[PDB]
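Only one structure is covered here, and it is reproduced in the block below.
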Amino acid sequence: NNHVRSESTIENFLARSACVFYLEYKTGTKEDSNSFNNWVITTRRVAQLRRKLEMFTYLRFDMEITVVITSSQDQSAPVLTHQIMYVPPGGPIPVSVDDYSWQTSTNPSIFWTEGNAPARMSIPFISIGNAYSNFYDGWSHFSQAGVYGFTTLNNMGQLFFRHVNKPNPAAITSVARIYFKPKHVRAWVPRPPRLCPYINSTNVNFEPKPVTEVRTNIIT
Amino acid sequence: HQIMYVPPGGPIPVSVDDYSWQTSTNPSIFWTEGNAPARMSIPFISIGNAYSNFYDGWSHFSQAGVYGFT
Amino acid sequence: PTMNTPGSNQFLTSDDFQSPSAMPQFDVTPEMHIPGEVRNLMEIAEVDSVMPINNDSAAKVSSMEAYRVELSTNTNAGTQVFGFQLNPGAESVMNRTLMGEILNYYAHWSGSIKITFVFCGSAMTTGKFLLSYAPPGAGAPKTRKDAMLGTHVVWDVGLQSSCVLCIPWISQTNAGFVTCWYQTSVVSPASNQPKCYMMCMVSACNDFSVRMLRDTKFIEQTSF
Amino acid sequence: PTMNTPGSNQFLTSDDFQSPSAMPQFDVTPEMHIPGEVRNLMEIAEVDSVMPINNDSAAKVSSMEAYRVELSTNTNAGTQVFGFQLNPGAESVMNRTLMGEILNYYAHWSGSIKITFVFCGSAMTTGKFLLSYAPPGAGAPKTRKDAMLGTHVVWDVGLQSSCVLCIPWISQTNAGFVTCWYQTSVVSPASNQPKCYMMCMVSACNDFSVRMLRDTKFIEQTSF
Amino acid sequence: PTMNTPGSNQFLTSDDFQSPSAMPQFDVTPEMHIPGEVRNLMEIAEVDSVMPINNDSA
Amino acid sequence: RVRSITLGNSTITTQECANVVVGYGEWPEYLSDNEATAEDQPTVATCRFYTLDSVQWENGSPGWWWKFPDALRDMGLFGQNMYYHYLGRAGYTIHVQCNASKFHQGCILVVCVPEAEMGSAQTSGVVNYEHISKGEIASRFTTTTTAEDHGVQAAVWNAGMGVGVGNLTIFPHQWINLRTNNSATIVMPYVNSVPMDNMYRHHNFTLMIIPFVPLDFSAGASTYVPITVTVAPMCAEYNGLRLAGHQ
C-alpha cells in the first residue's frame with residue numbers, strides 16, 4: 001500500500017447483493033390453492049447475511065429490492081404481466097387472488113412485462129425508531145409477560161405477487177427470485193461475532209459449542 | 001440465464017442446486033434473451049503487482065513443489 | 001455514440017445505479033446522535049481479546065481452562081511452556097479471536113500485530129521467563145540456549161506484570177514462532193499448590209490493510 | 001455508464017416522471033383567486049370540533065344526546081362524571097371527530113392536543129369541579145382525594161364558563177386519563193329539573209407531525 | 001435526434017465503451033516501479049539480432 | 001493516599017488512582033433537543049450511591065450478572081420514578097471493588113454489555129421474566145449444561161449469547177487483577193435507539209463479572225474474597241406530567 005485502506009469501510013463491508021428468497025405461483029383462478037404468493041421482508045432468513053448484520057447493535061439504511069423472474073409452461077399465448085405489490089407495515093393484505101387489497105391506492109405496485117430488464121425499486125428507511133434493533137431485551141407488554149425479543153422492533157412490510165392476465169388454457173408457472181442489498185448504512189455499537197449455529201429465526205437460542213479446535217500439544 | 005463469477009478462493013458449486021449460487025460475495029448477472037449481450041469488467045486481482053508469464057521457482061519453500069505457474 | 005452499446009441490458013450484481021423509490025413522500029425520521037459509531041472495521045481489529053492457548057480435548061469444551069496455562073515449582077529451568085505458529089487466519093489459537101475473525105472475510109492482508117502476556121499469579125511469586133521470537137523461515141528453538149541467541153526479551157515477573165512484543169512482518173508453512181521458556185523456576189511464598197497462570201491477549205497494531213472481500217468459512221448454510 | 005441499468009424498464013406506482021400531453025394546444029383556463037385555501041392538512045387539524053362523550057346504545061344513534069353529559073343536584077360531591085383513555089385514533093370518543101379522523105390516514109404521529117370544557121347550564125347555576133390529569137403509565141384516580149393529589153385544576157363555574165387544558169406528550173394500553181369530579185354539588189336557582197350539561201371540544205395544539213400515509217379503516221370497498 | 005438510431009443495438013468487436021465492474025470495492029493493489037518498460041513496439045524493433053545466412057539442409 | 005467521593009447523603013472511600021473507563025468516551029448528559037414545547041419534561045435528588053448486597057467469590061465459582069435498570073427497582077426514590085413516570089433515561093457510574101490480601105491470586109473481568117439478549121435452556125422454549133432477572137439479588141452463570149423449565153442457557157464459555165467469552169472485551173471493560181488492582185470504574189452513558197423509554201419494559205445493559213483465573217490462596221488465609229458493587233445514577237430525566245394549559 002501507500003495510503004489508508006478503504007476496502008474495510010462500513011459501506012463496503014455491507015451493501016452487496018444477495019439472494020434471500022424465491023417462491024413460485026402460477027396462473028389460475030381464485031379457487032386454486034397457489035396462484036399468488038408472498039414473502040415477508042426479513043434479513044434473518046439467510047445465515048450468511050445474518051452473520052454480518054449481527055456485527056452491530058443498531059443500523060439504519062435504505063434498501064433496494066430487485067426481483068428477477070423467469071417462467072415456464074408445462075405440458076399440453078400473449079406475453080404475461082406480473083404485479084409486485086409492496087404493502088407498508090400496518091396496511092391491508094390480500095387473502096385471495098381477487099380482493100380490493102390489490103386495488104388499494106396506498107400500496108406501491110410495479111407492473112412489469114417479460115423481456116425487459118428486471119424490476120426494482122428502493123424502499124426508504126421506515127420505522128418510528130431512529131434505528132433498527134438487532135438485539136432487544138424487553139417484552140411486548142408494559143408488564144413483563146409479553147414476547148421476549150424482536151417484538152414490534154424490526155418490522156418491515158411484505159411483498160405479494162400475482163399474474164395480471166386472465167387464466168387461459170395451459171398453466172404457466174413462474175419462479176421469482178429476490179435480491180436484496182442495503183445502501184447508505186450507518187452502524188453504531190459493535191458486537192462480538194456469533195459463534196454457534198442459528199436455530200430459530202426469531203430467537204437468539206443456541207446450543208453450546210467448543211470455543212476452538214484441539215491441538216496436539218501446546219508446546220512446539 | 002445466470003453467469004456467476006467466483007473470485008479465486010471462493011466457494012464453488014458441485015451441482016445445479018447449492019448455496020454457492022445463493023452466496024452473496026460472488027458477483028452474478030441475470031440476463032434474458034433478446035437483449036444486448038451481458039458483459040462486465042473484472043479489475044486487477046492478484047496480491048502481486050503484476051501477472052507473471054514466466055516463473056522459475058517451486059510451490060513449496062524447499063524445491064520439491066510444482067515447477068512454474070504455481 | 002449510442003446508449004445501446006454491448007452490456008447495457010443486463011442485471012449485474014454489485015453494480016450501482018440509482019433506482020426509483022416506492023414512497024417518495026414518507027422517508028422522514030430525523031437521525032439522532034447515538035454514542036459509539038463504527039465507520040471502519042479496523043476500529044474493532046485493534047481491540048484486545050483473550051486468545052485461547054491451552055487446547056487439550058475438554059479444556060476447550062469447557063473453555064475456562066482454555067485461556068490459561070499452568071506453571072509449577074516442579075518444572076525445571078529451560079523447559080518451554082507453550083508456543084505457536086504465529087499466523088492468524090489459519091492457526092487455531094488466535095483465528096477465532098475478535099481480531100482474527102475479521103481476517104476471514106478477506107484474502108491477503110498485511111501489517112503487524114502485537115501480543116501481550118499477563119501474569120496472574122500471586123503478588124509474592126517471582127520468577128523470570130525468557131520470551132523469544134524466531135524470524136519467518138526458521139524453525140522454533142530447541143533449547144533455551146538456542147532461544148537466547150535469537151531475539152529474546154527477558155521478562156522479570158516481580159517488577160513487570162505484563163510485556164508487549166510487537167511483531168512486524170505478518171501476512172498471508174513459513175512464519176515465525178513465539179515461545180516462552182523458564183529461565184528460573186517460580187519462587188512460591190508458602191503456597192501448597194504451585195498453580196500460577198498467565199494469559200495472553202492479541203490485537204492488530206497500527207496500520208493494517210485488507211483487500212478483496214470473501215465469505216467466512218465458519219457458518220454452513222441455512223437450516224431453518 | 002448506460003441507460004439500460006437494472007430497473008429501467010418497469011412501471012412503478014408512486015414514481016414521478018414527465019409524460020407527454022394529450023393536448024399540447026388547449027390547456028388554457030386562467031386561475032382566479034378563490035377565498036380560503038388549504039395547503040397543509042394541519043390547517044384543518046387545529047380546528048375545534050365537538051367530541052361525543054356520552055355513549056349508551058341509543059344516545060349515539062340519535063346523537064343529540066351524544067354530545068352532552070347530565071349533571072344533577074341529586075349527586076353527591078366526590079363522584080366522577082365521565083373520563084376517557086385519552087388516545088386519539090383508537091379510542092372511540094374522539095377518533096371520529098374532525099381532528100381525530102385525520103390521524104387515521106397516518107401511522108405514527110406526535111405533538112400535543114388541547115381539550116376544552118364548556119358549561120352550558122343556566123346563568124344562576126354555580127358549582128365547582130375538579131378536573132384532573134394522570135400521567136401516562138398510571139391508572140385513573142379512584143377517589144377525589146387521589147385525583148386532587150395528582151395534577152388538577154379547580155374550575156369554578158360561576159366565574160369561568162370554559163377551561164382549556166393543554167395536555168403534552170401524546171403519540172401512538174398506556175396513556176393518561178382525564179377525569180372530572182364533583183367538588184361541590186350544583187346550586188340551582190329554583191329550577192325544578194336539575195338538568196345542566198357540559199360539552200367538550202378537542203383540537204390539535206401548535207406543532208404536530210405525521211409520517212407515512214396509509215388507508216383509513218372506516219370505509220369498506222365499493223358496492224356500486 | 002434519438003438514441004435508437006440504426007446500429008445502436010449490436011455487439012461490435014473492437015468497439016470501446018465503458019462497462020460495469022464486477023467488484024466496485026476491491027481493485028486495490030498499488031503499482032510499483034519495475035525496471036524496463038515497453039510502451040511501443042519499435043523499442044524492440046531497433047535491437048540487433050543475429051540473422052542466419054547459411055542455409056543448407058542440416 | 002485516598003480521597004472520598006460523596007454525592008450527598010452517601011459517601012464512599014476509594015483508592016486515589018484506579019482509572020475511569022468512559023464507555024464510548026461520552027459522559028451522561030441531559031438532552032438539549034427542541035420540539036419539547038409539546039412534550040416538556042423535567043430533570044434531581046436521585047444521584048446518590050446505592051450499594052447492592054455483596055457476593056462471595058470462592059474457588060470454582062462461575063460468575064454473576066445483574067440487569068439494569070431493573071436491579072434498582074426496589075431502591076429508594078429511584079424506584080418510585082419508574083412508577084410515576086412512563087418514560088425515563090439515565091446514565092450510571094459503577095464502582096466494583098473488593099478486598100484481598102497479597103497471598104490471594106486470580107483475576108476477573110468486569111464488563112457492561114448494552115442489549116445483552118439471553119438464550120433459552122431448551123432450544124425451542126422462550127425464557128420468562130423470573131429466570132432472567134432476580135431483582136437486586138445477583139443471578140449467576142453455571143458451568144455444565146443443564147435444562148430448566150425456562151432458564152437462561154448459561155454456560156460461561158458462551159456467555160448466554162452464543163459468542164466467545166474471550167471476545168467480550170469489545171464492550172466497555174476493566175480487568176481487576178489481584179497483585180495490582182482491586183477496583184474498577186465504568187461510567188456508562190444512556191445508549192438506546194429512542195431517546196427515552198419505559199423503565200420496566202426494557203433493559204438497557206447487563207453488568208457481568210466472569211472469573212478467568214480462579215481464586216486461590218497461600219497457606220492459611222480466608223477461603224473467600226467478598227465482592228461489592230455500588231451504582232449511582234447520573235443526569236436522569238423523566239417525562240412531564242403538568243398541563244401546559246390555564247383556566
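Ligands are numbered from 1 in the order shown, residues from 1 within each chain, and chains are lettered A, B, ... in the order they appear in the C-alpha cells.
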
Counting only C-alpha atoms, which residues in chain B sit no more than 12 Å from chain D? For each one, give the nearest pair of atoms and the distance in Å, sorted by chain then residue number, as a tab-separated table.
residue	atom	partner	partner_atom	distance
B:29	CA	D:6	CA	10.4
B:30	CA	D:6	CA	9.8
B:31	CA	D:6	CA	10.0
B:32	CA	D:6	CA	11.8
B:35	CA	D:4	CA	10.0
B:36	CA	D:4	CA	9.9
B:38	CA	D:5	CA	11.4
B:40	CA	D:1	CA	11.6

Please produce an output containing N, CA and C atoms for each residue in the selection, written as a JSON list (two decimals), in the first residue's frame.
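Final output, saved to result03.json:
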[["chain", "number", "residue", "atom", "x", "y", "z"],
["B", 29, "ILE", "N", -24.77, -12.14, -12.86],
["B", 29, "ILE", "CA", -25.51, -11.37, -13.82],
["B", 29, "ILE", "C", -26.66, -12.23, -14.20],
["B", 30, "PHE", "N", -27.88, -11.70, -14.05],
["B", 30, "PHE", "CA", -29.08, -12.29, -14.58],
["B", 30, "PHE", "C", -29.34, -11.55, -15.85],
["B", 31, "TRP", "N", -29.70, -12.28, -16.92],
["B", 31, "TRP", "CA", -29.80, -11.73, -18.23],
["B", 31, "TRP", "C", -30.86, -12.53, -18.91],
["B", 32, "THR", "N", -31.66, -11.89, -19.78],
["B", 32, "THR", "CA", -32.73, -12.54, -20.50],
["B", 32, "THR", "C", -32.46, -12.33, -21.95],
["B", 35, "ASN", "N", -31.82, -9.24, -25.61],
["B", 35, "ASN", "CA", -31.22, -8.05, -25.08],
["B", 35, "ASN", "C", -29.82, -8.08, -25.60],
["B", 36, "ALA", "N", -29.12, -6.93, -25.56],
["B", 36, "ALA", "CA", -27.73, -6.82, -25.90],
["B", 36, "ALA", "C", -26.91, -7.65, -24.94],
["B", 38, "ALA", "N", -24.61, -9.61, -22.22],
["B", 38, "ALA", "CA", -24.07, -9.26, -20.93],
["B", 38, "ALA", "C", -22.59, -9.10, -20.98],
["B", 40, "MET", "N", -19.22, -7.54, -18.12],
["B", 40, "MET", "CA", -18.79, -6.71, -17.04],
["B", 40, "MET", "C", -17.31, -6.89, -17.03]]

Name the residues of stretch 126-168 of chain C that fall into strand (DSSP E) according to DSSP on the backbone, using the chain letters and numbers of this document, as a count of residues only.
22

Determine, for each residue of chain D having at least one atom at most 7 Å from an atom of chain F, the closest pair of atoms and their separation in Å to one decimal, counting only C-alpha atoms; order by chain and ascending number, as a tab-separated table.
residue	atom	partner	partner_atom	distance
D:111	CA	F:38	CA	5.4
D:112	CA	F:38	CA	5.0
D:135	CA	F:241	CA	5.2
D:136	CA	F:86	CA	5.6
D:137	CA	F:86	CA	4.9
D:138	CA	F:84	CA	6.8
D:151	CA	F:242	CA	6.5
D:163	CA	F:247	CA	4.8
D:164	CA	F:245	CA	5.9
D:165	CA	F:245	CA	4.4
D:166	CA	F:245	CA	4.4
D:167	CA	F:243	CA	5.3
D:168	CA	F:39	CA	4.8
D:169	CA	F:39	CA	4.6

For the residues in the current selection, export N, CA and C atoms as a PDB file, in the first residue's frame.
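Writing done, so here's result.pdb:
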ATOM      1  N   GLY D 111     -47.208  15.123  19.117  1.00  0.00           N
ATOM      2  CA  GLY D 111     -47.494  16.512  19.336  1.00  0.00           C
ATOM      3  C   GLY D 111     -48.250  16.582  20.614  1.00  0.00           C
ATOM      4  N   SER D 112     -49.079  17.631  20.756  1.00  0.00           N
ATOM      5  CA  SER D 112     -49.886  17.843  21.922  1.00  0.00           C
ATOM      6  C   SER D 112     -51.233  18.225  21.405  1.00  0.00           C
ATOM      7  N   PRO D 135     -50.628  11.226  34.507  1.00  0.00           N
ATOM      8  CA  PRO D 135     -49.570  10.962  33.544  1.00  0.00           C
ATOM      9  C   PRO D 135     -49.728   9.607  32.899  1.00  0.00           C
ATOM     10  N   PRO D 136     -49.216   9.329  31.705  1.00  0.00           N
ATOM     11  CA  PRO D 136     -49.231   8.004  31.111  1.00  0.00           C
ATOM     12  C   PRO D 136     -48.517   7.000  31.965  1.00  0.00           C
ATOM     13  N   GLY D 137     -49.026   5.753  32.008  1.00  0.00           N
ATOM     14  CA  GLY D 137     -48.418   4.684  32.756  1.00  0.00           C
ATOM     15  C   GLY D 137     -48.810   4.747  34.200  1.00  0.00           C
ATOM     16  N   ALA D 138     -49.971   5.360  34.497  1.00  0.00           N
ATOM     17  CA  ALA D 138     -50.507   5.386  35.827  1.00  0.00           C
ATOM     18  C   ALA D 138     -51.983   5.327  35.637  1.00  0.00           C
ATOM     19  N   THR D 151     -52.275  16.041  39.201  1.00  0.00           N
ATOM     20  CA  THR D 151     -52.356  17.337  38.572  1.00  0.00           C
ATOM     21  C   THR D 151     -53.815  17.616  38.458  1.00  0.00           C
ATOM     22  N   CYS D 163     -62.701  26.134  30.274  1.00  0.00           N
ATOM     23  CA  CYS D 163     -61.363  25.936  30.747  1.00  0.00           C
ATOM     24  C   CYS D 163     -60.719  25.171  29.644  1.00  0.00           C
ATOM     25  N   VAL D 164     -59.404  25.383  29.441  1.00  0.00           N
ATOM     26  CA  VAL D 164     -58.650  24.738  28.406  1.00  0.00           C
ATOM     27  C   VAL D 164     -57.512  24.102  29.119  1.00  0.00           C
ATOM     28  N   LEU D 165     -57.331  22.782  28.935  1.00  0.00           N
ATOM     29  CA  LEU D 165     -56.182  22.073  29.429  1.00  0.00           C
ATOM     30  C   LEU D 165     -55.453  21.729  28.182  1.00  0.00           C
ATOM     31  N   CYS D 166     -54.121  21.914  28.182  1.00  0.00           N
ATOM     32  CA  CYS D 166     -53.286  21.597  27.060  1.00  0.00           C
ATOM     33  C   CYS D 166     -52.416  20.499  27.567  1.00  0.00           C
ATOM     34  N   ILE D 167     -52.565  19.294  26.985  1.00  0.00           N
ATOM     35  CA  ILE D 167     -52.013  18.088  27.531  1.00  0.00           C
ATOM     36  C   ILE D 167     -50.859  17.722  26.652  1.00  0.00           C
ATOM     37  N   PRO D 168     -49.622  17.660  27.113  1.00  0.00           N
ATOM     38  CA  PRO D 168     -48.500  17.340  26.262  1.00  0.00           C
ATOM     39  C   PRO D 168     -48.319  15.862  26.287  1.00  0.00           C
ATOM     40  N   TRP D 169     -47.570  15.330  25.302  1.00  0.00           N
ATOM     41  CA  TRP D 169     -46.986  14.019  25.364  1.00  0.00           C
ATOM     42  C   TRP D 169     -48.007  12.977  24.995  1.00  0.00           C
TER      43      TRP D 169
END

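Nearest residue to residue D:103 among D:148, D:44, D:123, D:210 is D:210, counting only C-alpha atoms.
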
Considering only C-alpha atoms, give me a table of residues in chain E that are at most 10 Å from chain C, with the closest atom pair and distance in Å for each, as a tab-separated table.
residue	atom	partner	partner_atom	distance
E:2	CA	C:2	CA	9.2
E:3	CA	C:2	CA	6.0
E:4	CA	C:4	CA	7.6
E:5	CA	C:2	CA	8.1
E:6	CA	C:2	CA	9.9
E:7	CA	C:2	CA	8.6
E:8	CA	C:4	CA	5.1
E:9	CA	C:4	CA	5.2
E:10	CA	C:6	CA	6.6
E:11	CA	C:6	CA	5.2
E:12	CA	C:6	CA	7.9
E:13	CA	C:6	CA	9.6
E:15	CA	C:5	CA	8.9
E:16	CA	C:5	CA	8.9
E:17	CA	C:5	CA	6.9
E:18	CA	C:5	CA	8.8
E:19	CA	C:7	CA	6.8
E:20	CA	C:15	CA	6.3
E:21	CA	C:15	CA	6.5
E:22	CA	C:14	CA	6.1
E:23	CA	C:14	CA	6.3
E:24	CA	C:14	CA	7.0
E:25	CA	C:212	CA	7.6
E:26	CA	C:212	CA	4.9
E:27	CA	C:212	CA	7.7
E:28	CA	C:211	CA	7.0
E:29	CA	C:211	CA	8.3

Could you produce a table of the residues of chain A lying within 9 Å of chain D, with the nearest pair of atoms per residue and their separation in Å rounded to one decimal, using only C-alpha atoms, ordered by chain and increasing residue number, as JSON lines?
{"residue": "A:66", "atom": "CA", "partner": "D:7", "partner_atom": "CA", "distance": 7.6}
{"residue": "A:88", "atom": "CA", "partner": "D:214", "partner_atom": "CA", "distance": 8.1}
{"residue": "A:90", "atom": "CA", "partner": "D:107", "partner_atom": "CA", "distance": 7.9}
{"residue": "A:91", "atom": "CA", "partner": "D:214", "partner_atom": "CA", "distance": 6.5}
{"residue": "A:92", "atom": "CA", "partner": "D:215", "partner_atom": "CA", "distance": 8.3}
{"residue": "A:100", "atom": "CA", "partner": "D:221", "partner_atom": "CA", "distance": 6.7}
{"residue": "A:104", "atom": "CA", "partner": "D:215", "partner_atom": "CA", "distance": 8.1}
{"residue": "A:105", "atom": "CA", "partner": "D:215", "partner_atom": "CA", "distance": 7.9}
{"residue": "A:106", "atom": "CA", "partner": "D:214", "partner_atom": "CA", "distance": 5.8}
{"residue": "A:107", "atom": "CA", "partner": "D:214", "partner_atom": "CA", "distance": 8.0}
{"residue": "A:108", "atom": "CA", "partner": "D:13", "partner_atom": "CA", "distance": 5.3}
{"residue": "A:109", "atom": "CA", "partner": "D:13", "partner_atom": "CA", "distance": 5.2}
{"residue": "A:110", "atom": "CA", "partner": "D:12", "partner_atom": "CA", "distance": 4.2}
{"residue": "A:111", "atom": "CA", "partner": "D:11", "partner_atom": "CA", "distance": 5.3}
{"residue": "A:112", "atom": "CA", "partner": "D:10", "partner_atom": "CA", "distance": 5.0}
{"residue": "A:113", "atom": "CA", "partner": "D:10", "partner_atom": "CA", "distance": 7.5}
{"residue": "A:116", "atom": "CA", "partner": "D:9", "partner_atom": "CA", "distance": 5.9}
{"residue": "A:117", "atom": "CA", "partner": "D:6", "partner_atom": "CA", "distance": 5.5}
{"residue": "A:118", "atom": "CA", "partner": "D:7", "partner_atom": "CA", "distance": 5.5}
{"residue": "A:119", "atom": "CA", "partner": "D:7", "partner_atom": "CA", "distance": 4.6}
{"residue": "A:120", "atom": "CA", "partner": "D:7", "partner_atom": "CA", "distance": 4.9}
{"residue": "A:121", "atom": "CA", "partner": "D:7", "partner_atom": "CA", "distance": 7.2}
{"residue": "A:126", "atom": "CA", "partner": "D:212", "partner_atom": "CA", "distance": 8.4}
{"residue": "A:128", "atom": "CA", "partner": "D:108", "partner_atom": "CA", "distance": 6.8}
{"residue": "A:141", "atom": "CA", "partner": "D:173", "partner_atom": "CA", "distance": 8.8}
{"residue": "A:142", "atom": "CA", "partner": "D:174", "partner_atom": "CA", "distance": 7.7}

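As for atom CA of residue B:52 and atom CA of residue A:3, they are spaced 25.3 Å apart.
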
Could I get the residues of chain A with an atom no further than 8 Å from an atom of chain B, each paired with its nearest atom pair and that distance in Å to one decimal, using only C-alpha atoms, sorted by chain and residue number, as a Markdown table?
| residue | atom | partner | partner_atom | distance |
| --- | --- | --- | --- | --- |
| A:16 | CA | B:24 | CA | 6.6 |
| A:17 | CA | B:24 | CA | 6.0 |
| A:18 | CA | B:24 | CA | 4.2 |
| A:19 | CA | B:22 | CA | 5.3 |
| A:20 | CA | B:22 | CA | 7.7 |
| A:48 | CA | B:23 | CA | 7.7 |
| A:49 | CA | B:24 | CA | 7.6 |
| A:68 | CA | B:30 | CA | 7.3 |
| A:115 | CA | B:32 | CA | 6.6 |
| A:116 | CA | B:32 | CA | 7.9 |
| A:117 | CA | B:32 | CA | 7.9 |

Mind running chain A against chain F at 10 Å and telling me each contacting residue's nearest atom pair with the distance in Å (one decimal), counting only C-alpha atoms, chain and number ascending, as a tab-separated table?
residue	atom	partner	partner_atom	distance
A:57	CA	F:115	CA	7.9
A:58	CA	F:193	CA	7.4
A:59	CA	F:193	CA	9.5
A:128	CA	F:194	CA	9.0
A:129	CA	F:194	CA	6.0
A:130	CA	F:193	CA	5.7
A:131	CA	F:193	CA	5.7
A:132	CA	F:193	CA	7.8
A:133	CA	F:193	CA	7.5
A:134	CA	F:115	CA	9.2
A:135	CA	F:115	CA	6.0
A:136	CA	F:115	CA	5.9
A:137	CA	F:117	CA	5.5
A:138	CA	F:202	CA	4.2
A:139	CA	F:201	CA	6.0
A:140	CA	F:201	CA	7.7
A:141	CA	F:201	CA	7.1
A:142	CA	F:201	CA	5.4
A:143	CA	F:201	CA	6.2
A:144	CA	F:201	CA	6.2
A:145	CA	F:129	CA	7.1
A:146	CA	F:128	CA	9.0
A:147	CA	F:126	CA	8.3
A:148	CA	F:126	CA	7.3
A:149	CA	F:117	CA	7.7
A:188	CA	F:193	CA	9.8
A:189	CA	F:171	CA	8.6
A:190	CA	F:170	CA	7.5
A:191	CA	F:170	CA	7.0
A:192	CA	F:167	CA	6.0
A:193	CA	F:163	CA	6.5
A:194	CA	F:163	CA	5.1
A:195	CA	F:163	CA	4.9
A:196	CA	F:162	CA	5.5
A:197	CA	F:162	CA	8.6
A:198	CA	F:162	CA	9.4
A:199	CA	F:123	CA	7.4
A:200	CA	F:124	CA	7.5
A:203	CA	F:119	CA	7.5
A:204	CA	F:119	CA	5.7
A:205	CA	F:119	CA	4.5
A:206	CA	F:162	CA	6.1
A:207	CA	F:123	CA	7.0
A:208	CA	F:158	CA	6.8
A:209	CA	F:158	CA	7.8
A:210	CA	F:157	CA	8.3
A:211	CA	F:164	CA	6.5
A:212	CA	F:164	CA	9.4

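Atom CA of residue A:182 is positioned 10.6 Å from atom CA of residue A:53.
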
Pick out the residues sitting within 6 Å of residue C:130, and hand them over as a PyMOL selection string; count only C-alpha atoms, and ignore anything fewer than 6 positions along from it in its own chain.
chain C and resi 154+180-181+183

File dump, residues just selected, C-alpha atoms, as a tab-separated table (two decimals), in the first residue's frame:
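For reference, selection-v2.tsv as written:
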chain	number	residue	atom	x	y	z
C	154	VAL	CA	13.98	-11.35	29.47
C	180	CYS	CA	8.20	-18.86	26.24
C	181	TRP	CA	10.79	-20.65	28.35
C	183	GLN	CA	14.82	-19.16	32.95

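Counting only C-alpha atoms, residue C:87 has the following residues at most 10 Å away, ignoring those fewer than 6 positions along the same chain: residues 93, 94, 95, 100, 170, 171, 172, 173, 174, 175, 176 and 177 of chain C.
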
Please dump the current selection as a compact mmCIF listing (two decimals), in the first residue's frame; keep N, CA and C atoms.
# COMPACT_ATOMS: atom_id res chain seq x y z
N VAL C 93 -5.65 -20.80 17.39
CA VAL C 93 -5.13 -20.43 18.66
C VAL C 93 -5.37 -18.95 18.71
N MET C 94 -5.81 -18.34 17.58
CA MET C 94 -5.96 -16.92 17.52
C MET C 94 -6.76 -16.57 16.30
N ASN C 95 -7.42 -17.54 15.63
CA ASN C 95 -8.16 -17.24 14.43
C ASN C 95 -9.63 -17.19 14.74
N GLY C 100 -8.89 -11.92 14.89
CA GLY C 100 -8.58 -12.93 13.91
C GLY C 100 -9.75 -13.23 13.04
N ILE C 170 3.92 -9.86 9.31
CA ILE C 170 2.99 -10.96 9.21
C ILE C 170 2.13 -10.62 8.05
N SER C 171 1.62 -11.65 7.35
CA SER C 171 0.96 -11.50 6.08
C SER C 171 0.76 -12.90 5.58
N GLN C 172 -0.44 -13.17 5.01
CA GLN C 172 -0.68 -14.40 4.30
C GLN C 172 -1.83 -14.11 3.34
N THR C 173 4.22 -24.69 6.71
CA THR C 173 4.20 -23.25 6.34
C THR C 173 5.45 -22.58 6.85
N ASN C 174 5.67 -21.32 6.41
CA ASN C 174 6.76 -20.49 6.85
C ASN C 174 6.08 -19.33 7.50
N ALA C 175 6.68 -18.86 8.61
CA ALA C 175 6.14 -17.88 9.51
C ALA C 175 6.93 -18.13 10.76
N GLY C 176 7.01 -17.10 11.64
CA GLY C 176 7.83 -17.10 12.83
C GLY C 176 7.39 -18.08 13.87
N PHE C 177 7.86 -17.88 15.11
CA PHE C 177 7.42 -18.66 16.23
C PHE C 177 7.56 -17.75 17.39

Taking only residues of chain A that have an atom at most 12 Å from an atom of chain E, what is each one's shortest atom pair and its distance in Å to one decimal, using only C-alpha atoms, in chain and number order, as a Markdown table?
| residue | atom | partner | partner_atom | distance |
| --- | --- | --- | --- | --- |
| A:1 | CA | E:30 | CA | 5.6 |
| A:2 | CA | E:30 | CA | 7.1 |
| A:3 | CA | E:30 | CA | 9.3 |
| A:4 | CA | E:28 | CA | 11.3 |
| A:5 | CA | E:28 | CA | 9.0 |
| A:6 | CA | E:25 | CA | 8.3 |
| A:7 | CA | E:25 | CA | 6.1 |
| A:8 | CA | E:25 | CA | 9.2 |
| A:9 | CA | E:25 | CA | 9.7 |
| A:10 | CA | E:25 | CA | 11.5 |
| A:11 | CA | E:25 | CA | 9.6 |
| A:12 | CA | E:25 | CA | 6.4 |
| A:13 | CA | E:25 | CA | 9.1 |
| A:14 | CA | E:25 | CA | 10.6 |
| A:15 | CA | E:25 | CA | 10.3 |
| A:16 | CA | E:23 | CA | 9.8 |
| A:17 | CA | E:23 | CA | 11.4 |
